[PDB]
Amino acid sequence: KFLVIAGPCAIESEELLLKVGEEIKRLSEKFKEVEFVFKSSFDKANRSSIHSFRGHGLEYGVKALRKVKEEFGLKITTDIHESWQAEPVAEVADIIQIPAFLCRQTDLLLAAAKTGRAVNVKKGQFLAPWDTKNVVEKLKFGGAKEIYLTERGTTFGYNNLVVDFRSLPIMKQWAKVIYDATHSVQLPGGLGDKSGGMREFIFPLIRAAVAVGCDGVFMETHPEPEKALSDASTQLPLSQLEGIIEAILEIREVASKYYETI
């Protein structure tokens, strides 16, 4: 069924995770035809500035994520940054996420595939849609069986990303496709010390994604984005999540009749 990956960008505290997890659990009960996966990074290993928030470490993160899965019975997903992290993360993560900048790092992909867990690779901003075929092949070689590719924008001049929706049907040829609705509108290094983005385009573009056809969507959501320690300009207010989900489900219901085969 349709996948909805959502949660706060970074694990600012297990408290934050629980509050968001409580809402995702509620929507999970309201939208039975949707498979929700809770997401949150234990480390922002690629911040632009050395002085920006990274996190509380892998152990605290994996612990907080365990709390969410045990308390709400929600599937989990988080990203890894170096090969050694795959094993400990797989203890809780149902889906191991591979960062966009690291989508070509062979050992990271193999490490993730070896855990036996599902793997979701963020398509690098430097990659062409057809270049992802090789990515999937590495994962299959590594033993991965459940593989996802996430569209999160492509480099378009400086400090800007564009979403080429032709990528959805192209990547669908070799993997399930997820559309990252929040990172696709961010402006890389847009604010000098941090990245920017236009929240006003999150909804319009997610509607486009389901109209074109995808297997799921990815959304960063925070109770108060303004106070977020990461992606404060792009995380979706928690309260607006329900409305957006219902909206894309309705559009998908009507549009699905026209999704092209393979």
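Position 1 is the first residue in the sequence shown; the rest follow in order.
Undergrad: Would you mind checking whether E224 is unresolved in the model of at least a third of the other PDB entries compared?
TA: Modelled in all the others, so no.
Undergrad: At least a third of the other compared entries: do they leave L191 without coordinates?
TA: Result for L191: often missing, at least a third of the compared entries.
Undergrad: Would you determine, from the values in the PDB entry, which of 116 to 124 and 86 to 94 has the greater average C-alpha temperature factor?
TA: Mean B over CA atoms: larger for 86 to 94.
Undergrad: On mean C-alpha B-factor from the PDB entry, just flag whether 68 to 76 or 105 to 113 is the higher one.
TA: Going by the record's values, the stretch with the higher mean is 68 to 76.
Undergrad: For the listed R207, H51, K32, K39, which has the peak Cα B-factor recorded in the PDB entry?
TA: Answer for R207, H51, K32, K39: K32, with the highest C-alpha B-factor.
Undergrad: Taking the Cα B-factors listed in the entry, which of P99, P129, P169, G190 comes out highest?
TA: Highest C-alpha B-factor among the listed residues goes to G190.
Undergrad: What third of its chain, lowest, middle or highest, does the C-alpha temperature factor of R152 fall into?
TA: As the PDB entry reports it, the C-alpha B-factor of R152 lands in the lowest third of its chain.
Undergrad: Which third, lowest, middle or highest, does the CA B-factor of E242 fall in along this chain?
TA: According to the entry, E242 has a C-alpha B-factor in the chain's middle third.
Undergrad: Which third, lowest, middle or highest, does the C-alpha temperature factor of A181 belong to within its own chain?
TA: Lowest third - that is where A181 ends up once the chain's C-alpha B-factors are sorted.
Undergrad: Comparing against every modelled residue in the chain, figure out the third that the C-alpha B-factor of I262 lands in (lowest, middle or highest).
TA: Its C-alpha B-factor, which the entry lists for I262, ranks in the highest third among residues of this chain.
Undergrad: Against its chain's modelled residues, does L249's Cα B factor rank lowest, middle or highest third?
TA: Ranked within chain, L249 CA B lands in the lowest tercile.
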